[PDB]
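**Q** This is the structure I have questions about; it appears just below.
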Amino acid sequence: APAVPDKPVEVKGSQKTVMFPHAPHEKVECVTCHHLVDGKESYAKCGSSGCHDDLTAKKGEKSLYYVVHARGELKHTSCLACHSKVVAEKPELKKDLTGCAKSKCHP
Ligand code: HEC
Ligand code: HEC
Ligand code: HEC
Ligand code: HEC
């Protein structure tokens, strides 16, 4: 298992880059995000070739946008899906964690 990044890392889309901080996610199993692929574990970039490499489409399993923003019902938890659950318990974090603008992801 490679070391978890100790500084925010870039999550590049086609037009915007969002910084991802691992620290606040220390109590989330690595596997929740870096899910198994072909039964084997992987820590490759979500947008890697052969993964979620469609950086422009809004929907589809190949879309990086969808796996990040789908508000739920997927095979794995998206950023927005989990954030909505967190925000339900800690409402003061609504804009910070789910906002489309002026949020922690999109300042
Ligand atoms: C409100 C629900 C939001 C809207 C609408 C958008 N976001 Fe995001 N977002 C996040 C990441 C990690 C990325 C990069 C990976 C990717 O999606 O490709 C993005 C990117 C965008 C983009 C640009 C897509 C592109 O450049 O190809 C748009 C137009 C966009 N987002 C709309 C992360 C998050 C996040 C963190 C948990 C939140 C709260 C939001 N995004 C919220 C919205
Ligand atoms: C979801 C909330 C995550 C948890 C929990 C962990 N990581 Fe992560 N990691 C995540 C993202 C969105 C990214 C960037 C992906 C991209 O497309 O850029 C990362 C990045 C890494 C990397 C480096 C390579 C990279 O993609 O930039 C490593 C080595 C990594 N993550 C390791 C790691 C470990 C070991 C975790 C558990 C202790 C772990 N991550 C949890 C999302 C999430
Ligand atoms: C390529 C080797 C991949 C990497 C690295 C990551 N994902 Fe992935 N993801 C991949 C496949 C082939 C599949 C479908 C089969 C499965 O294991 O579920 C997925 C699926 C997801 C989903 C669900 C999408 C759906 O259509 O329901 C999510 C939410 C997801 N993947 C997220 C994700 C993130 C955020 C990653 C980086 C940290 C990541 N995946 C890496 C293949 C690959
Ligand atoms: C739940 C299983 C999570 C997943 C998947 C993702 N995030 Fe998250 N995020 C989660 C928690 C528990 C928290 C902490 C909230 C708190 O109580 O303080 C967060 C925090 C962040 C932050 C805010 C960090 C800060 O400014 O201090 C960001 C920017 C963030 N999360 C981004 C993010 C992205 C891009 C994700 C998808 C790859 C993602 N989170 C998934 C829980 C969970």
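Order determines the names: the first chain of the structure tokens is A, the second B, and so forth; residues in each chain are numbered 1 upward, and ligands are numbered 1 upward as they are shown.
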Which neighbours of range 62-79 of chain A fall inside 6 Å, counting only C-alpha atoms, when residues of the same chain fewer than 6 positions from it are skipped, and could you give them as a list in words?
**A**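 My reading of the contact set: residues 52, 53, 54 and 55 of chain A.
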**Q** Among chain A, which ones does DSSP place in helix (DSSP H, G or I), written as JSON, numbers by chain?
**A** {"A": [23, 24, 25, 30, 31, 32, 33, 64, 65, 66, 67, 68, 69, 79, 80, 81, 82, 83, 84, 85, 86, 87, 88, 89, 91, 92, 93, 94, 95, 96, 97, 98]}
**Q** Residues of the last selection are to be written out with N, CA, C and O atoms, as a CSV table (one decimal), in the first residue's frame.
**A**
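out.csv, written as the output of this step:
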chain,number,residue,atom,x,y,z
A,23,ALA,N,-6.2,14.2,4.8
A,23,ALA,CA,-6.4,14.4,6.2
A,23,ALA,C,-7.8,14.3,6.7
A,23,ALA,O,-8.1,13.5,7.6
A,24,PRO,N,-8.7,15.2,6.2
A,24,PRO,CA,-10.0,15.1,6.8
A,24,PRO,C,-10.8,13.8,6.5
A,24,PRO,O,-11.8,13.5,7.1
A,25,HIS,N,-10.2,13.0,5.6
A,25,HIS,CA,-10.7,11.7,5.3
A,25,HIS,C,-10.1,10.5,6.0
A,25,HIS,O,-10.3,9.4,5.6
A,30,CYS,N,-9.6,3.5,3.0
A,30,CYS,CA,-9.0,3.8,1.7
A,30,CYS,C,-9.8,3.3,0.5
A,30,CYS,O,-10.1,4.0,-0.4
A,31,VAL,N,-10.2,2.0,0.7
A,31,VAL,CA,-11.0,1.2,-0.2
A,31,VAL,C,-12.3,1.9,-0.7
A,31,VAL,O,-12.9,1.6,-1.7
A,32,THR,N,-12.9,2.7,0.2
A,32,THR,CA,-14.2,3.4,-0.1
A,32,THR,C,-13.9,4.2,-1.4
A,32,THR,O,-14.8,4.2,-2.3
A,33,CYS,N,-12.8,4.8,-1.5
A,33,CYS,CA,-12.5,5.7,-2.7
A,33,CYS,C,-11.6,4.9,-3.7
A,33,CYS,O,-12.0,4.8,-4.9
A,64,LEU,N,-15.5,11.1,-15.1
A,64,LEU,CA,-14.9,11.5,-13.8
A,64,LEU,C,-15.9,12.4,-13.0
A,64,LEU,O,-16.0,12.3,-11.8
A,65,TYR,N,-16.6,13.2,-13.8
A,65,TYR,CA,-17.6,14.1,-13.2
A,65,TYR,C,-18.7,13.4,-12.4
A,65,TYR,O,-19.0,13.7,-11.3
A,66,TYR,N,-19.2,12.4,-13.0
A,66,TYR,CA,-20.3,11.6,-12.4
A,66,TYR,C,-19.9,10.8,-11.2
A,66,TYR,O,-20.6,10.8,-10.2
A,67,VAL,N,-18.7,10.2,-11.2
A,67,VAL,CA,-18.2,9.5,-10.1
A,67,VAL,C,-17.9,10.4,-8.9
A,67,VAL,O,-17.9,10.0,-7.7
A,68,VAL,N,-17.8,11.7,-9.2
A,68,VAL,CA,-17.5,12.7,-8.2
A,68,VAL,C,-18.7,13.4,-7.7
A,68,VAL,O,-18.9,13.6,-6.5
A,69,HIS,N,-19.6,13.7,-8.6
A,69,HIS,CA,-20.8,14.5,-8.3
A,69,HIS,C,-22.2,13.8,-8.1
A,69,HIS,O,-23.1,14.4,-7.6
A,79,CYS,N,-18.1,11.6,-3.9
A,79,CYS,CA,-17.8,12.7,-3.0
A,79,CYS,C,-19.1,13.3,-2.5
A,79,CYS,O,-19.3,13.4,-1.3
A,80,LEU,N,-19.9,13.7,-3.4
A,80,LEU,CA,-21.2,14.3,-3.0
A,80,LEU,C,-22.2,13.5,-2.2
A,80,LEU,O,-22.9,14.0,-1.4
A,81,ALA,N,-22.2,12.2,-2.5
A,81,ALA,CA,-23.1,11.3,-1.8
A,81,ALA,C,-22.8,11.2,-0.3
A,81,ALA,O,-23.6,11.3,0.5
A,82,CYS,N,-21.5,11.0,0.0
A,82,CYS,CA,-21.1,10.9,1.4
A,82,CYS,C,-21.2,12.3,2.0
A,82,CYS,O,-21.6,12.4,3.1
A,83,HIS,N,-20.8,13.3,1.3
A,83,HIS,CA,-20.8,14.7,1.8
A,83,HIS,C,-22.3,15.0,2.2
A,83,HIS,O,-22.4,15.7,3.2
A,84,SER,N,-23.3,14.6,1.5
A,84,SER,CA,-24.6,14.9,1.8
A,84,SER,C,-25.0,14.3,3.2
A,84,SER,O,-25.6,14.9,4.0
A,85,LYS,N,-24.5,13.0,3.4
A,85,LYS,CA,-24.8,12.3,4.7
A,85,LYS,C,-24.1,13.1,5.8
A,85,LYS,O,-24.6,13.1,6.9
A,86,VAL,N,-22.9,13.5,5.6
A,86,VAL,CA,-22.1,14.3,6.6
A,86,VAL,C,-22.8,15.6,6.9
A,86,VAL,O,-22.9,16.0,8.1
A,87,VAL,N,-23.2,16.3,5.9
A,87,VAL,CA,-23.9,17.6,6.0
A,87,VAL,C,-25.2,17.4,6.8
A,87,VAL,O,-25.6,18.3,7.5
A,88,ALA,N,-25.9,16.3,6.6
A,88,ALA,CA,-27.2,16.0,7.3
A,88,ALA,C,-26.9,16.1,8.8
A,88,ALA,O,-27.7,16.6,9.6
A,89,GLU,N,-25.8,15.5,9.3
A,89,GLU,CA,-25.4,15.5,10.7
A,89,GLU,C,-24.7,16.7,11.2
A,89,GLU,O,-24.8,17.1,12.4
A,91,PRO,N,-24.9,20.2,9.7
A,91,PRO,CA,-25.5,21.2,8.8
A,91,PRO,C,-24.6,22.5,8.6
A,91,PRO,O,-24.8,23.1,7.5
A,92,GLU,N,-23.8,22.8,9.6
A,92,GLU,CA,-23.0,24.0,9.4
A,92,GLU,C,-22.0,23.9,8.3
A,92,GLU,O,-21.4,24.9,7.8
A,93,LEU,N,-21.8,22.6,7.8
A,93,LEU,CA,-20.8,22.4,6.7
A,93,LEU,C,-21.4,22.2,5.3
A,93,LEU,O,-20.7,21.9,4.4
A,94,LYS,N,-22.7,22.5,5.2
A,94,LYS,CA,-23.4,22.4,3.9
A,94,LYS,C,-22.7,23.1,2.8
A,94,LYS,O,-22.4,22.4,1.8
A,95,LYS,N,-22.5,24.4,2.8
A,95,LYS,CA,-21.9,25.0,1.7
A,95,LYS,C,-20.5,24.5,1.5
A,95,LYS,O,-20.1,24.2,0.4
A,96,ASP,N,-19.7,24.4,2.6
A,96,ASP,CA,-18.3,24.0,2.5
A,96,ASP,C,-18.2,22.6,1.8
A,96,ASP,O,-17.3,22.5,0.9
A,97,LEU,N,-19.0,21.7,2.1
A,97,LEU,CA,-18.9,20.3,1.5
A,97,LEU,C,-19.8,20.0,0.3
A,97,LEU,O,-19.5,19.0,-0.4
A,98,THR,N,-20.9,20.7,0.1
A,98,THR,CA,-21.7,20.4,-1.1
A,98,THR,C,-21.9,21.6,-2.1
A,98,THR,O,-22.4,21.3,-3.2
**Q** Write out as JSON lines a residue-level contact list of chain A versus ligand 2 with cut-off 8 Å: for each qualifying residue the closest pair of atoms and the distance in Å to one decimal, counting only C-alpha atoms and all ligand atoms, rows sorted by chain and residue number upward.
**A**
{"residue": "A:1", "atom": "CA", "partner": "ligand 2", "partner_atom_place_in_ligand_line": "35 (C)", "distance": 5.9}
{"residue": "A:2", "atom": "CA", "partner": "ligand 2", "partner_atom_place_in_ligand_line": "29 (C)", "distance": 5.1}
{"residue": "A:3", "atom": "CA", "partner": "ligand 2", "partner_atom_place_in_ligand_line": "35 (C)", "distance": 5.2}
{"residue": "A:4", "atom": "CA", "partner": "ligand 2", "partner_atom_place_in_ligand_line": "32 (C)", "distance": 3.9}
{"residue": "A:5", "atom": "CA", "partner": "ligand 2", "partner_atom_place_in_ligand_line": "28 (C)", "distance": 5.7}
{"residue": "A:9", "atom": "CA", "partner": "ligand 2", "partner_atom_place_in_ligand_line": "27 (O)", "distance": 5.7}
{"residue": "A:10", "atom": "CA", "partner": "ligand 2", "partner_atom_place_in_ligand_line": "18 (O)", "distance": 5.4}
{"residue": "A:11", "atom": "CA", "partner": "ligand 2", "partner_atom_place_in_ligand_line": "18 (O)", "distance": 4.2}
{"residue": "A:12", "atom": "CA", "partner": "ligand 2", "partner_atom_place_in_ligand_line": "18 (O)", "distance": 6.4}
{"residue": "A:20", "atom": "CA", "partner": "ligand 2", "partner_atom_place_in_ligand_line": "12 (C)", "distance": 6.0}
{"residue": "A:22", "atom": "CA", "partner": "ligand 2", "partner_atom_place_in_ligand_line": "6 (C)", "distance": 5.9}
{"residue": "A:25", "atom": "CA", "partner": "ligand 2", "partner_atom_place_in_ligand_line": "5 (C)", "distance": 5.2}
{"residue": "A:26", "atom": "CA", "partner": "ligand 2", "partner_atom_place_in_ligand_line": "5 (C)", "distance": 6.5}
{"residue": "A:27", "atom": "CA", "partner": "ligand 2", "partner_atom_place_in_ligand_line": "5 (C)", "distance": 7.3}
{"residue": "A:28", "atom": "CA", "partner": "ligand 2", "partner_atom_place_in_ligand_line": "5 (C)", "distance": 4.4}
{"residue": "A:29", "atom": "CA", "partner": "ligand 2", "partner_atom_place_in_ligand_line": "5 (C)", "distance": 5.2}
{"residue": "A:30", "atom": "CA", "partner": "ligand 2", "partner_atom_place_in_ligand_line": "37 (C)", "distance": 3.6}
{"residue": "A:31", "atom": "CA", "partner": "ligand 2", "partner_atom_place_in_ligand_line": "5 (C)", "distance": 6.9}
{"residue": "A:32", "atom": "CA", "partner": "ligand 2", "partner_atom_place_in_ligand_line": "5 (C)", "distance": 6.0}
{"residue": "A:33", "atom": "CA", "partner": "ligand 2", "partner_atom_place_in_ligand_line": "1 (C)", "distance": 4.2}
{"residue": "A:34", "atom": "CA", "partner": "ligand 2", "partner_atom_place_in_ligand_line": "7 (N)", "distance": 6.2}
{"residue": "A:43", "atom": "CA", "partner": "ligand 2", "partner_atom_place_in_ligand_line": "28 (C)", "distance": 5.5}
{"residue": "A:44", "atom": "CA", "partner": "ligand 2", "partner_atom_place_in_ligand_line": "26 (O)", "distance": 5.5}
{"residue": "A:45", "atom": "CA", "partner": "ligand 2", "partner_atom_place_in_ligand_line": "26 (O)", "distance": 3.5}
{"residue": "A:46", "atom": "CA", "partner": "ligand 2", "partner_atom_place_in_ligand_line": "17 (O)", "distance": 3.9}
{"residue": "A:47", "atom": "CA", "partner": "ligand 2", "partner_atom_place_in_ligand_line": "17 (O)", "distance": 4.9}
{"residue": "A:48", "atom": "CA", "partner": "ligand 2", "partner_atom_place_in_ligand_line": "17 (O)", "distance": 7.0}
{"residue": "A:79", "atom": "CA", "partner": "ligand 2", "partner_atom_place_in_ligand_line": "2 (C)", "distance": 6.7}
**Q** Taking 3 positions as the minimum chain separation for residues in the same chain, which residues sit within 12 Å of residue 107 in chain A when counting only C-alpha atoms? Answer as a list in words.
**A** residues 16, 17, 18, 19, 95, 96, 97, 98, 99, 100, 101, 102, 103 and 104 of chain A
**Q** Between A:105, A:60, A:6, A:36, which has the minimum distance to ligand 4 (counting only C-alpha atoms and all ligand atoms)?
**A**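 Smallest separation from ligand 4 among the options: A:105.
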**Q** What's the separation between CA of residue 21 in chain A and atom 39 (C, counted along the ligand's line) of ligand 3, in Å to one decimal place?
**A**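 Rounded to one decimal, the two atoms are 15.7 Å apart.
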**Q** Counting only C-alpha atoms and all ligand atoms, which of A:13, A:51, A:8, A:59 gets nearest to ligand 1?
**A**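 Smallest separation from ligand 1 among the options: A:13.
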**Q** If you run DSSP on the backbone, which residues of chain A are strand (DSSP E or B), as an MDAnalysis selection string?
**A** chainID A and resid 9:12 17:20 37 40 54 63
**Q** Restricting the output to N, CA, C and O atoms, write the selected residues as a JSON list (two decimals), in the first residue's frame.
**A**
[["chain", "number", "residue", "atom", "x", "y", "z"],
["A", 9, "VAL", "N", -3.85, 17.04, -3.04],
["A", 9, "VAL", "CA", -3.45, 16.62, -4.38],
["A", 9, "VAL", "C", -4.48, 17.10, -5.41],
["A", 9, "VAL", "O", -5.65, 17.31, -5.09],
["A", 10, "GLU", "N", -4.04, 17.26, -6.63],
["A", 10, "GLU", "CA", -4.95, 17.77, -7.66],
["A", 10, "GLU", "C", -5.86, 16.69, -8.24],
["A", 10, "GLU", "O", -5.41, 15.58, -8.53],
["A", 11, "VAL", "N", -7.10, 17.06, -8.38],
["A", 11, "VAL", "CA", -8.10, 16.22, -9.02],
["A", 11, "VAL", "C", -8.48, 17.01, -10.26],
["A", 11, "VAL", "O", -9.37, 17.87, -10.22],
["A", 12, "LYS", "N", -7.78, 16.71, -11.33],
["A", 12, "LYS", "CA", -7.95, 17.40, -12.62],
["A", 12, "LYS", "C", -9.17, 16.87, -13.38],
["A", 12, "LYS", "O", -9.17, 15.74, -13.89],
["A", 17, "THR", "N", -9.55, 22.22, -11.70],
["A", 17, "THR", "CA", -8.83, 21.30, -10.84],
["A", 17, "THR", "C", -9.26, 21.60, -9.41],
["A", 17, "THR", "O", -9.34, 22.75, -9.00],
["A", 18, "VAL", "N", -9.63, 20.55, -8.69],
["A", 18, "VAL", "CA", -10.07, 20.66, -7.32],
["A", 18, "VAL", "C", -9.01, 19.97, -6.47],
["A", 18, "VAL", "O", -8.53, 18.90, -6.83],
["A", 19, "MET", "N", -8.58, 20.64, -5.40],
["A", 19, "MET", "CA", -7.58, 20.06, -4.51],
["A", 19, "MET", "C", -8.27, 19.10, -3.54],
["A", 19, "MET", "O", -9.32, 19.43, -2.99],
["A", 20, "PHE", "N", -7.71, 17.92, -3.37],
["A", 20, "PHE", "CA", -8.27, 16.92, -2.47],
["A", 20, "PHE", "C", -7.38, 16.69, -1.24],
["A", 20, "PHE", "O", -6.23, 16.27, -1.36],
["A", 37, "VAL", "N", -10.34, -3.18, -8.22],
["A", 37, "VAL", "CA", -10.56, -3.26, -9.65],
["A", 37, "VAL", "C", -10.06, -4.65, -9.98],
["A", 37, "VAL", "O", -8.94, -5.02, -9.61],
["A", 40, "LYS", "N", -8.34, -6.83, -7.54],
["A", 40, "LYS", "CA", -7.04, -6.36, -7.09],
["A", 40, "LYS", "C", -7.16, -4.91, -6.60],
["A", 40, "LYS", "O", -8.03, -4.16, -7.06],
["A", 54, "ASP", "N", -13.29, 9.63, -19.11],
["A", 54, "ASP", "CA", -14.06, 10.57, -19.90],
["A", 54, "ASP", "C", -14.14, 11.79, -19.01],
["A", 54, "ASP", "O", -14.93, 11.84, -18.07],
["A", 63, "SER", "N", -17.22, 8.57, -16.88],
["A", 63, "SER", "CA", -17.14, 9.97, -16.52],
["A", 63, "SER", "C", -16.57, 10.27, -15.14],
["A", 63, "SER", "O", -17.10, 9.82, -14.14]]
**Q** Could you work out how far CA of residue 58 in chain A lies from atom 27 (O, counted along the ligand's line) of ligand 1, giving the answer in Å with one decimal?
**A**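 Interatomic distance, atom 27 (O, counted along the ligand's line) of ligand 1 to CA of residue 58 in chain A: 8.5 Å.
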**Q** In Å, rounded to a single decimal, give me how far CA of residue 56 in chain A is from atom 25 (C, counted along the ligand's line) of ligand 1.
**A**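 That distance, rounded to one decimal, is 6.1 Å.
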